[PDB]
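**Student:** Can you keep this structure in mind? I'll have questions shortly.
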Amino acid sequence: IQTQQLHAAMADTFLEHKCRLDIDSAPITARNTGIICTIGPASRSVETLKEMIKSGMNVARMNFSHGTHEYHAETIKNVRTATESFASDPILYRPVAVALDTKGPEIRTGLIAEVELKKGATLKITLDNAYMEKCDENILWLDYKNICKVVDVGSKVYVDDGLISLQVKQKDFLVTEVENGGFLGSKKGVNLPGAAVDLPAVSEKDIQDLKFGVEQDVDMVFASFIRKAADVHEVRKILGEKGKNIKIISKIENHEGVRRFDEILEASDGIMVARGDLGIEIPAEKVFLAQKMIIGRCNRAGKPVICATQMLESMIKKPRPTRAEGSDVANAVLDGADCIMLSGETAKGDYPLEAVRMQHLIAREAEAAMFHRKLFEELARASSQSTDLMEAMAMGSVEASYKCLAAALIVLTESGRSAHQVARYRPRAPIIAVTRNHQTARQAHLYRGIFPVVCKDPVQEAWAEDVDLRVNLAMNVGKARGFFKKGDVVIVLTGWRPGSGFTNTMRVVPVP
Amino acid sequence: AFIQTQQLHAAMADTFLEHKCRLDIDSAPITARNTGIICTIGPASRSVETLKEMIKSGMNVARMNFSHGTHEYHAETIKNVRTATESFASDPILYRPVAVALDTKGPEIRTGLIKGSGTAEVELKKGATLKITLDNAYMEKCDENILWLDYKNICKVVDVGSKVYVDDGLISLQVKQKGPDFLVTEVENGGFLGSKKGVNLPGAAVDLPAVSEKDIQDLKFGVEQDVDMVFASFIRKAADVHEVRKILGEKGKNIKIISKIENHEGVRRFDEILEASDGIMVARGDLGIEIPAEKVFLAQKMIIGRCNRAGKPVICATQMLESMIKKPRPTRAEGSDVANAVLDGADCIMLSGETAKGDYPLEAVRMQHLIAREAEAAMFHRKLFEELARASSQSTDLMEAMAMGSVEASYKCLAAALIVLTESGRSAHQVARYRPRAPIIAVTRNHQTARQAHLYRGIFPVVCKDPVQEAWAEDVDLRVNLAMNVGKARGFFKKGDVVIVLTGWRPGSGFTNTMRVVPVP
Amino acid sequence: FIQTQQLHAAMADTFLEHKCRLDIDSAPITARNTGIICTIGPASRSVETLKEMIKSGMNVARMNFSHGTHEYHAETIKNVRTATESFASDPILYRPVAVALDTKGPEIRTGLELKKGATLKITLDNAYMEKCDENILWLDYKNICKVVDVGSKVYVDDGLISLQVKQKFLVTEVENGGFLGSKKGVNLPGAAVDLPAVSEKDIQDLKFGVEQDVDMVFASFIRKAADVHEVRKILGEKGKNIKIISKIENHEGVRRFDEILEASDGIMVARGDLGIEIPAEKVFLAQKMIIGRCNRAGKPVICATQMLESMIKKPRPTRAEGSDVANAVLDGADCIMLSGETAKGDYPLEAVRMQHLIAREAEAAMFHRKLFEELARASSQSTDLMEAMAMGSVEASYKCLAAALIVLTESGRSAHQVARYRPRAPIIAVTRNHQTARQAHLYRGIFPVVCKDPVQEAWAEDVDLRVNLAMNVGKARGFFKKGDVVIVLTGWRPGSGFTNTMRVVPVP
Ligand code: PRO
Ligand code: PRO
Ligand code: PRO
Ligand SMILES: [K+]
Ligand SMILES: [K+]
Ligand SMILES: [K+]
Ligand SMILES: [Mn+2]
Ligand SMILES: [Mn+2]
Ligand SMILES: [Mn+2]
Ligand code: NA
Ligand code: NA
Ligand code: NA
Ligand code: NA
């Protein structure tokens, strides 16, 4: 029994490949898929974040749909306090990125406690701001003022993560009938599929939240409800000069987002399949189509793509996930997502560490299960119009890593660019990317297979010696992490001279 | 639009059919010619002044056919080759190494001399009786009634109704009666018989020695004359290779043994021959007589296939531009034969009569050169590369990894060349194996390694005459710039183009473990 | 134990493993799918010779109208039919034979020994057309001086001699030289020649072909779509069922091939003149591209010229000629052609037999699984029902190692679709249309069988009768025997405009 699903790897067809998947074929130790965790009251303590980091967390997400600047700043500080609790040991230190997830053009309800909305029983949507806090089973207020100009006779309104549904019967108010009932809570989200919502891509709140992200030196923004390239560019404008290096990950979570997908991709730095609202804005049975289309097209462009939301939902209450949840994580990884995400499971659930641990474990099994040879061939075909020198290095290196079954790839990188181009070509072996730039190290977490290492050492006067310094750091990192041992082979990627604008030098080195 | 060079639009096809359908006559080929060109030297090409023009036309390997000629003759030819080759040595940047190969007589069956009385040749007529004798009194008195041949033990291997073939299988006899010391035959295929013509017995187990006393002396003489390779005739099994090896011995251990496949038995036992050999020749002339002629292409394609799979050199040989012995231009089939052989994957292609005795030896050499570049571009590299990888994928060898990584990287940035620093040749050899479309400029201080490199598709050997620089860094750099200068002068690339450079990181390495993309300065 | 028909290689995953598995000890099947077209001249024109020509494998008789009179070719055509019809007593083993008129077209030619670097006077004066000399040569091109430049080259006699234009009458310097003779072909590569595409000498020959009941025209030096439409206009209403095979033999033919292919009913790679018009080292490029594009559109393609050239004087071919034939079949050519080999050679019978033997070796050595998959993909925009039925039948033939496909057809179009998808098993095509059966020899695999019985009362009875005739033909010619499996394509009801019914039927 070969490890790392290598028998399946040798197969000629996809059918064969699958018939060959073996439960007794141990994954390797390295974990290539990044894990993004929404932080909240279950996970907001220094103490729990230490454990979250140890469990697998690479990126911490701040959900700006709730909480004040004060509250979010403290959390950020808590994440950093915990991340830095490991700073003294360069061999084990894990950078941890901070992510800002914006509110965007949300429609939420008001205050009431709880109220029940029965199947068939009429309900009245109003915008009269006197009822902001006087909602019940007769009267329902939401904060979207122009709701009336955008919906038709026979339109549907979904309330509370799509659980409750309503049909608009007559016309600054709407009178609806309950189609799908439930219990109605305070400040629950509202969706209007088929309606072309005209709230700003970026509201005042958003603008203040984005500016705040700048001040807080966040590494990336998760931009909610992006519909078009112009939305992305608005977000880019607010971040401005001081924040030019923060990556904009666009959230695809409505029909228009999907329609205009190519342009959003081009304009953005990465993408998030935000399946929550997506499954409400379009039929839920269609979501997998979008997941797969998006991940595919992001792989093709070499830009990070994140599969999110409800991936291990039941784990909010139970210590073990469901069979559907297991399969969902694996398939997201087989689809080619760079990152997978936890929301409620870590923000508020009863088993936050467990959820992180489960993602870590499923990631490795599915990583080994990919059909690397065909995937490599297909990505090469897709990028074949480009003759880029760094792509050439990356492909040669990856192909080199497949042939000799290298234990890792070692990339020296300042901008991160060399590392990213290696990642996009999907080697099985982890990419240990050594960098003197802390932000690059943090942002590298967006890319499948990059294990970032911060090098704190001063630069040596001799280039070769400074280079050897950084490779040996990765050698030491790779060994403490159980990636390799003395006598294994790794691919190494460096600049020949200090002026080399990319890793133009590849080597097969034995691990010392 | 822009029409891409080197059939690069056809290179991007997803199917073999679309690749065919994208082939473009207006897609100009590159200047590098990757297919090694082997020329049989003879009266047509022996002079020093003609050999120089053979080199300028593209000859990489001069072949000495030991079925004819004394040692005094071949030593003069080999001298002439080296005189011609060294006339160019004054320009290290332009000088082209030239390999010397010894093609052995082997277990050949030949007829005698036609008698003086009568016509120059005889007419063997369909339905007429011809007797075959071993009586040495007729060895120079052959005619229509009585034919002498040199296989003394012929009577022990043929039967009544056996077929004896004569003169490149143009003339066939059927054995009608068997005598102890003679055969009575009937002519099935008529024709005009000259002297010392080739005889084949396809349905017979010929007991002649794989390596005869003549071959032995011929081999030893090969060793004393510092030939780079041996083309061993009529190799039937592995033990035939081991015998040639034994004879070449310790002194000739770096001499490459190319096994010539030309009988059914050599095709049946090909694998054990390949393992034992340094390379193979599809020696089609005899093969097309021993097995049915309509079956030769199957064997040719199987062999070229299996040597590609194994990383061993293969040569397509025989009658490729045959008509150019008397005509300035080839036929349309001949043009196709050269191209399809290159497409098959042949590392080298060869010329026999076309350079040995022909009227147009320079024009023959030039034509192979021009076809080879057309077909080299017309190959389906992306699919060739994928399929060679799959067949070798049980190997995790480090040099193959470097080789695969370098070729892949050359496909992606469309490198103008791969530079390879090598002493034994192994590093270059393994790159060649994986079939980049760019040329492989191999730099070596080992002169023999340079000459042997012609056996491998794409390797453009370059002799480094400079002393070993003290710092390993400067010694590597020196050998890169040489390849840079060679490349530029030869028109393979210019400033601003990109090459893939393969080097050793430290002196100790036993293979190129360093790959770079580097701009030409 | 070795599987027949290269079936071990048929099972390879990659192109390389397919090559590596090719087995000389793997026996080919009896049937031969690549059509043999044979140029008929003084060596082959007699009835007795022609009978053996048909016996050895000739399917198409080609008359070359570059030479000879209407009276001469009429005698040749007359002898072809006599030979052919001498077999008509046995409708089982009778082999239909097709007659092709190959047009002179826009030739240039000399009148009635040249040293390298010697000056030669080219003139158009009709006072020299019978006394051509060392220093004065006459040709029949009038516009020549308007289409050639200083420095441009002119080639004489199958491109053997080269002469560079030095001054405008034309004075030239010989480059390559040899023995010069009577009425020798002239080529002007890369100079746009403006001779009529279909001359008066052509329009007379084409009309002759209609009257002479020929099945296909091979239209020489086809440059563009217009040119095919001209040959099509000339053939007129009476000659509408005659197929037009356009001959690709100059740079523009290749340049504009696509519009030509759409306009033509088939294509010949006319290699001789092509290897004179473009660098000869490029010919294989144009050959493979062309065959591929024809394969794709499912229009017949003939590979032609010099395939067995040395057999003009020798009983056995060179290895380069062997190789050429097999690679032509592996390329995908529907038909292969002999010229000088059968027209004037010393061994026209042996040349036919070697094309036959070479064909069957190479036909088995095709990589059918990959070829089918690649044809389907390229034709995937088409949803045509006959194509659907064809593809399903070929697929079914592959899966059960079926001994043959039996196709019933009047237009031939159903059989043409089957052939196009390249089964390894032969296609027995039964037709009451004598001209359909003759034109079928243009398509890979199609073994046309003439039905001479009248249309039966019951539609089902008429189908069984035709299918049983196809079984009888197959069994007599050793394609299959009792218990073998065949794919059988028929129409369900009389009015079906194609074979909509497919069966796996046992051979009785
Ligand atoms: O460094 C890590 O742990 C993760 C692995 C994939 C992206 N970054
Ligand atoms: O260097 C040369 O000229 C030839 C080309 C490939 C093999 N050697
Ligand atoms: O019937 C025959 O013999 C040939 C086979 C291919 C075309 N016609
Ligand atoms: K949000
Ligand atoms: K020999
Ligand atoms: K003609
Ligand atoms: Mn959302
Ligand atoms: Mn031989
Ligand atoms: Mn022609
Ligand atoms: Na970089
Ligand atoms: Na004599
Ligand atoms: Na070496
Ligand atoms: Na039909």
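Each chain of the structure tokens is named A, B, ... in the order shown, its residues numbered from 1; ligands are numbered from 1 in display order.
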Please determine the contact residues of chain B with respect to chain A at a cut-off of 6 Å, counting only C-alpha atoms, and supply them as a list in words.

**Tutor:**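 Matching residues, ligands excluded from the count: residues 396, 401, 405, 406, 408, 409, 412, 413, 513, 514, 515, 516 and 517 of chain B.
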
**Student:** Kindly export the residues of the current selection with N, CA, C and O atoms, as a PDB file, in the first residue's frame.

**Tutor:**
ATOM      1  N   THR B 396      11.883   7.354 -10.470  1.00  0.00           N
ATOM      2  CA  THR B 396      11.914   8.609  -9.700  1.00  0.00           C
ATOM      3  C   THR B 396      13.294   9.246  -9.751  1.00  0.00           C
ATOM      4  O   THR B 396      13.598  10.140  -8.957  1.00  0.00           O
ATOM      5  N   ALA B 401      14.153  13.832 -13.458  1.00  0.00           N
ATOM      6  CA  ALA B 401      13.397  14.918 -12.851  1.00  0.00           C
ATOM      7  C   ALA B 401      13.890  16.282 -13.328  1.00  0.00           C
ATOM      8  O   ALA B 401      13.095  17.128 -13.747  1.00  0.00           O
ATOM      9  N   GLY B 405      11.880  18.639 -15.891  1.00  0.00           N
ATOM     10  CA  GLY B 405      11.656  20.016 -15.460  1.00  0.00           C
ATOM     11  C   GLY B 405      12.179  21.055 -16.431  1.00  0.00           C
ATOM     12  O   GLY B 405      11.558  22.109 -16.645  1.00  0.00           O
ATOM     13  N   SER B 406      13.327  20.762 -17.024  1.00  0.00           N
ATOM     14  CA  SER B 406      13.945  21.658 -17.989  1.00  0.00           C
ATOM     15  C   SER B 406      13.203  21.696 -19.331  1.00  0.00           C
ATOM     16  O   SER B 406      13.024  22.766 -19.918  1.00  0.00           O
ATOM     17  N   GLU B 408      10.008  20.771 -19.847  1.00  0.00           N
ATOM     18  CA  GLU B 408       8.743  21.423 -19.543  1.00  0.00           C
ATOM     19  C   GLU B 408       8.883  22.941 -19.561  1.00  0.00           C
ATOM     20  O   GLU B 408       8.113  23.613 -20.257  1.00  0.00           O
ATOM     21  N   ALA B 409       9.872  23.463 -18.824  1.00  0.00           N
ATOM     22  CA  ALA B 409      10.148  24.893 -18.778  1.00  0.00           C
ATOM     23  C   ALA B 409      10.501  25.488 -20.148  1.00  0.00           C
ATOM     24  O   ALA B 409      10.127  26.618 -20.446  1.00  0.00           O
ATOM     25  N   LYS B 412       7.146  25.982 -22.056  1.00  0.00           N
ATOM     26  CA  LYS B 412       6.381  27.093 -21.517  1.00  0.00           C
ATOM     27  C   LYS B 412       6.886  28.468 -21.997  1.00  0.00           C
ATOM     28  O   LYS B 412       6.097  29.250 -22.536  1.00  0.00           O
ATOM     29  N   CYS B 413       8.177  28.750 -21.841  1.00  0.00           N
ATOM     30  CA  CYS B 413       8.712  30.058 -22.276  1.00  0.00           C
ATOM     31  C   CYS B 413       9.256  30.050 -23.715  1.00  0.00           C
ATOM     32  O   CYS B 413       9.810  31.060 -24.194  1.00  0.00           O
ATOM     33  N   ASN B 513      22.123  19.347 -11.322  1.00  0.00           N
ATOM     34  CA  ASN B 513      21.101  19.557 -10.308  1.00  0.00           C
ATOM     35  C   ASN B 513      20.695  21.032 -10.174  1.00  0.00           C
ATOM     36  O   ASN B 513      20.029  21.416  -9.208  1.00  0.00           O
ATOM     37  N   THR B 514      21.117  21.844 -11.146  1.00  0.00           N
ATOM     38  CA  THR B 514      20.783  23.268 -11.195  1.00  0.00           C
ATOM     39  C   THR B 514      20.210  23.637 -12.555  1.00  0.00           C
ATOM     40  O   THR B 514      20.863  23.446 -13.581  1.00  0.00           O
ATOM     41  N   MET B 515      18.989  24.165 -12.545  1.00  0.00           N
ATOM     42  CA  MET B 515      18.326  24.654 -13.749  1.00  0.00           C
ATOM     43  C   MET B 515      18.091  26.149 -13.607  1.00  0.00           C
ATOM     44  O   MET B 515      17.656  26.605 -12.553  1.00  0.00           O
ATOM     45  N   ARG B 516      18.388  26.904 -14.661  1.00  0.00           N
ATOM     46  CA  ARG B 516      18.058  28.323 -14.711  1.00  0.00           C
ATOM     47  C   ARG B 516      17.413  28.714 -16.037  1.00  0.00           C
ATOM     48  O   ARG B 516      17.727  28.144 -17.086  1.00  0.00           O
ATOM     49  N   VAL B 517      16.504  29.683 -15.973  1.00  0.00           N
ATOM     50  CA  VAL B 517      16.112  30.460 -17.146  1.00  0.00           C
ATOM     51  C   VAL B 517      17.061  31.658 -17.154  1.00  0.00           C
ATOM     52  O   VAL B 517      17.251  32.301 -16.117  1.00  0.00           O
TER      53      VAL B 517
END

**Student:** So which residues are near ligand 11, meaning at most 12 Å away with only C-alpha atoms and all ligand atoms counted, given back as a list in words?

**Tutor:** residues 113, 114, 115, 116, 117, 118, 119, 120, 121, 122, 123, 140, 141, 142, 143, 144, 192, 193, 194 and 195 of chain B

**Student:** Let's have the selection written as a CSV table (one decimal), in the first residue's frame, with N, CA, C and O atoms.

**Tutor:**
chain,number,residue,atom,x,y,z
B,113,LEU,N,32.4,-13.9,-58.5
B,113,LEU,CA,32.6,-13.1,-59.7
B,113,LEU,C,32.0,-13.8,-60.9
B,113,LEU,O,32.0,-15.0,-61.1
B,114,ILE,N,31.4,-13.0,-61.8
B,114,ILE,CA,30.9,-13.4,-63.1
B,114,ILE,C,32.1,-13.7,-64.0
B,114,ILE,O,33.1,-13.0,-63.9
B,115,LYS,N,32.0,-14.8,-64.8
B,115,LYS,CA,33.0,-15.1,-65.7
B,115,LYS,C,33.3,-14.0,-66.7
B,115,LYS,O,32.4,-13.2,-66.9
B,116,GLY,N,34.5,-14.1,-67.3
B,116,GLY,CA,34.8,-13.1,-68.4
B,116,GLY,C,34.1,-13.3,-69.7
B,116,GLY,O,33.7,-12.3,-70.3
B,117,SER,N,33.8,-14.6,-70.0
B,117,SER,CA,33.1,-14.9,-71.3
B,117,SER,C,31.7,-14.5,-71.2
B,117,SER,O,31.0,-14.8,-70.3
B,118,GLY,N,31.2,-13.8,-72.3
B,118,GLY,CA,29.8,-13.4,-72.4
B,118,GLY,C,29.6,-11.9,-72.1
B,118,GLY,O,30.5,-11.1,-72.1
B,119,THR,N,28.3,-11.6,-71.7
B,119,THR,CA,27.9,-10.3,-71.2
B,119,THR,C,28.4,-10.0,-69.8
B,119,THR,O,28.7,-10.9,-69.0
B,120,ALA,N,28.5,-8.7,-69.5
B,120,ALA,CA,29.0,-8.2,-68.2
B,120,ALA,C,28.2,-8.8,-67.0
B,120,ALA,O,28.8,-9.1,-66.0
B,121,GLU,N,26.9,-8.9,-67.2
B,121,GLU,CA,26.0,-9.5,-66.2
B,121,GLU,C,25.3,-10.7,-67.0
B,121,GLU,O,25.3,-10.7,-68.2
B,122,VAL,N,24.7,-11.6,-66.2
B,122,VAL,CA,24.0,-12.7,-66.8
B,122,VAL,C,22.5,-12.5,-66.6
B,122,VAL,O,22.1,-11.6,-65.8
B,123,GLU,N,21.7,-13.1,-67.5
B,123,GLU,CA,20.3,-13.1,-67.3
B,123,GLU,C,19.8,-14.4,-66.7
B,123,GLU,O,19.9,-15.5,-67.3
B,140,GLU,N,35.0,-17.4,-59.5
B,140,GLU,CA,35.2,-16.3,-60.4
B,140,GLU,C,34.7,-16.7,-61.8
B,140,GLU,O,35.1,-16.1,-62.8
B,141,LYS,N,33.8,-17.6,-61.8
B,141,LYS,CA,33.2,-18.2,-63.1
B,141,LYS,C,31.7,-18.4,-63.0
B,141,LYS,O,31.2,-19.3,-63.5
B,142,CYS,N,31.0,-17.5,-62.3
B,142,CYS,CA,29.5,-17.5,-62.2
B,142,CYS,C,28.9,-17.1,-63.5
B,142,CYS,O,29.3,-16.2,-64.2
B,143,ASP,N,27.8,-17.8,-63.8
B,143,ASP,CA,26.9,-17.5,-65.0
B,143,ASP,C,25.5,-17.9,-64.8
B,143,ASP,O,25.0,-18.2,-63.7
B,144,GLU,N,24.7,-18.0,-65.9
B,144,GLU,CA,23.3,-18.4,-65.9
B,144,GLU,C,23.0,-19.8,-65.4
B,144,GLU,O,22.0,-20.1,-64.8
B,192,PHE,N,19.0,-9.4,-63.9
B,192,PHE,CA,20.4,-9.4,-64.2
B,192,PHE,C,21.3,-9.5,-63.0
B,192,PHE,O,21.3,-8.6,-62.1
B,193,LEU,N,22.2,-10.5,-63.0
B,193,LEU,CA,23.1,-10.8,-61.9
B,193,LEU,C,24.5,-10.3,-62.2
B,193,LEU,O,25.1,-10.7,-63.1
B,194,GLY,N,24.9,-9.4,-61.3
B,194,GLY,CA,26.3,-8.9,-61.3
B,194,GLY,C,27.2,-9.8,-60.4
B,194,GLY,O,26.9,-11.0,-60.1
B,195,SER,N,28.3,-9.2,-59.9
B,195,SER,CA,29.2,-10.0,-59.1
B,195,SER,C,29.1,-9.6,-57.6
B,195,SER,O,28.8,-8.5,-57.2

**Student:** Find, counting only C-alpha atoms and all ligand atoms, the residue in B:35, B:272, B:107, B:344 that gets nearest to ligand 2.

**Tutor:**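 Checking each candidate against ligand 2, we get B:35 as the closest.
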
**Student:** Residues of chain C within 7 Å of chain B: nearest atom pair and distance (Å, one decimal) for each, counting only C-alpha atoms, sorted by chain and number, as CSV?

**Tutor:**
residue,atom,partner,partner_atom,distance
C:14,CA,B:387,CA,6.4
C:16,CA,B:305,CA,6.2
C:19,CA,B:302,CA,5.1
C:20,CA,B:302,CA,4.3
C:21,CA,B:302,CA,6.3
C:22,CA,B:302,CA,5.5
C:23,CA,B:298,CA,6.5
C:24,CA,B:295,CA,6.0
C:271,CA,B:332,CA,6.6
C:272,CA,B:332,CA,6.9
C:280,CA,B:335,CA,7.0
C:281,CA,B:371,CA,4.7
C:282,CA,B:25,CA,6.1
C:284,CA,B:336,CA,5.8
C:285,CA,B:23,CA,5.8
C:286,CA,B:25,CA,6.4
C:288,CA,B:20,CA,5.6
C:289,CA,B:21,CA,4.3
C:290,CA,B:21,CA,6.9
C:292,CA,B:21,CA,5.1
C:293,CA,B:21,CA,5.6
C:306,CA,B:332,CA,5.7
C:307,CA,B:333,CA,5.3
C:315,CA,B:170,CA,6.7
C:316,CA,B:170,CA,6.4
C:318,CA,B:319,CA,6.1
C:319,CA,B:319,CA,5.9
C:320,CA,B:334,CA,5.2
C:321,CA,B:333,CA,5.4
C:322,CA,B:294,CA,6.2
C:323,CA,B:297,CA,5.8
C:324,CA,B:333,CA,5.1
C:357,CA,B:294,CA,6.4
C:358,CA,B:294,CA,4.9
C:361,CA,B:295,CA,6.8
C:374,CA,B:17,CA,6.3

**Student:** Hey, which residues come within 10 Å of ligand 6 if we count only C-alpha atoms and all ligand atoms? Could you give them as a list in words?

**Tutor:**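 Protein and nucleic-acid residues within 10 Å of ligand 6: residues 62, 63, 64, 65, 66, 67, 101, 102, 103, 104, 105, 106, 107, 218, 219, 220, 221 and 247 of chain C.
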
**Student:** Convert the current residue selection to file output with N, CA, C and O atoms, as a JSON list (two decimals), in the first residue's frame.

**Tutor:**
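Contents of selection_33.json, freshly written:
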[["chain", "number", "residue", "atom", "x", "y", "z"],
["C", 62, "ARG", "N", -7.89, 5.52, -64.18],
["C", 62, "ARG", "CA", -7.58, 6.93, -64.41],
["C", 62, "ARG", "C", -7.00, 7.14, -65.81],
["C", 62, "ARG", "O", -5.99, 6.53, -66.18],
["C", 63, "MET", "N", -7.66, 8.00, -66.58],
["C", 63, "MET", "CA", -7.15, 8.45, -67.86],
["C", 63, "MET", "C", -6.51, 9.82, -67.67],
["C", 63, "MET", "O", -7.10, 10.72, -67.05],
["C", 64, "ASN", "N", -5.29, 9.98, -68.18],
["C", 64, "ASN", "CA", -4.56, 11.23, -68.04],
["C", 64, "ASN", "C", -4.65, 12.05, -69.33],
["C", 64, "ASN", "O", -3.98, 11.73, -70.32],
["C", 65, "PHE", "N", -5.47, 13.09, -69.31],
["C", 65, "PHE", "CA", -5.74, 13.86, -70.53],
["C", 65, "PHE", "C", -4.67, 14.91, -70.84],
["C", 65, "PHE", "O", -4.84, 15.73, -71.75],
["C", 66, "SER", "N", -3.56, 14.86, -70.11],
["C", 66, "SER", "CA", -2.37, 15.65, -70.45],
["C", 66, "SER", "C", -1.81, 15.21, -71.79],
["C", 66, "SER", "O", -1.16, 15.99, -72.48],
["C", 67, "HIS", "N", -2.06, 13.95, -72.14],
["C", 67, "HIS", "CA", -1.60, 13.41, -73.41],
["C", 67, "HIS", "C", -2.72, 12.66, -74.08],
["C", 67, "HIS", "O", -3.69, 12.26, -73.42],
["C", 101, "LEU", "N", -11.77, 10.83, -65.37],
["C", 101, "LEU", "CA", -11.10, 11.74, -66.31],
["C", 101, "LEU", "C", -10.26, 12.77, -65.54],
["C", 101, "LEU", "O", -10.80, 13.58, -64.77],
["C", 102, "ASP", "N", -8.96, 12.71, -65.77],
["C", 102, "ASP", "CA", -8.02, 13.65, -65.17],
["C", 102, "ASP", "C", -7.64, 14.71, -66.22],
["C", 102, "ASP", "O", -6.94, 14.39, -67.18],
["C", 103, "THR", "N", -8.08, 15.96, -65.99],
["C", 103, "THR", "CA", -7.94, 17.08, -66.95],
["C", 103, "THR", "C", -6.51, 17.60, -67.11],
["C", 103, "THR", "O", -5.79, 17.71, -66.13],
["C", 104, "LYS", "N", -6.12, 17.95, -68.33],
["C", 104, "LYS", "CA", -4.85, 18.62, -68.57],
["C", 104, "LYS", "C", -4.75, 19.86, -67.69],
["C", 104, "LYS", "O", -3.83, 19.99, -66.88],
["C", 105, "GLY", "N", -5.74, 20.74, -67.81],
["C", 105, "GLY", "CA", -5.77, 21.96, -67.04],
["C", 105, "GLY", "C", -4.74, 22.93, -67.60],
["C", 105, "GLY", "O", -4.38, 22.83, -68.78],
["C", 106, "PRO", "N", -4.26, 23.86, -66.75],
["C", 106, "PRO", "CA", -3.35, 24.91, -67.21],
["C", 106, "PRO", "C", -1.88, 24.47, -67.15],
["C", 106, "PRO", "O", -1.12, 24.93, -66.28],
["C", 107, "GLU", "N", -1.50, 23.59, -68.06],
["C", 107, "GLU", "CA", -0.10, 23.20, -68.18],
["C", 107, "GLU", "C", 0.70, 24.22, -69.02],
["C", 107, "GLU", "O", 0.14, 24.90, -69.86],
["C", 218, "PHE", "N", -10.84, 14.50, -62.03],
["C", 218, "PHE", "CA", -9.73, 14.97, -61.23],
["C", 218, "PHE", "C", -9.24, 16.28, -61.85],
["C", 218, "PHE", "O", -8.50, 16.27, -62.83],
["C", 219, "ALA", "N", -9.68, 17.40, -61.30],
["C", 219, "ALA", "CA", -9.45, 18.71, -61.91],
["C", 219, "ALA", "C", -8.09, 19.30, -61.54],
["C", 219, "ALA", "O", -7.89, 19.74, -60.41],
["C", 220, "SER", "N", -7.18, 19.31, -62.50],
["C", 220, "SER", "CA", -5.78, 19.67, -62.27],
["C", 220, "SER", "C", -5.58, 21.16, -61.96],
["C", 220, "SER", "O", -6.26, 22.03, -62.53],
["C", 221, "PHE", "N", -4.63, 21.43, -61.07],
["C", 221, "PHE", "CA", -4.25, 22.79, -60.65],
["C", 221, "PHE", "C", -5.41, 23.65, -60.18],
["C", 221, "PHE", "O", -5.50, 24.83, -60.53],
["C", 247, "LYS", "N", -7.58, 18.76, -57.50],
["C", 247, "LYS", "CA", -6.19, 18.35, -57.35],
["C", 247, "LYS", "C", -5.39, 19.49, -56.74],
["C", 247, "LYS", "O", -5.26, 20.56, -57.35]]

**Student:** Give me every helix (DSSP H, G or I) residue in range 263-324 of chain A, going by DSSP on the backbone, as a VMD selection string.

**Tutor:** chain A and resid 263 to 267 275 to 281 284 to 301 313 to 316 323 to 324

**Student:** Any idea what's packed within 10 Å of range 168-184 of chain C, counting only C-alpha atoms, ignoring anything in its chain fewer than 2 positions away? Could you give it as number ranges by chain?

**Tutor:** B: 327-328; C: 108-125, 129-140, 144-146, 148-166, 186
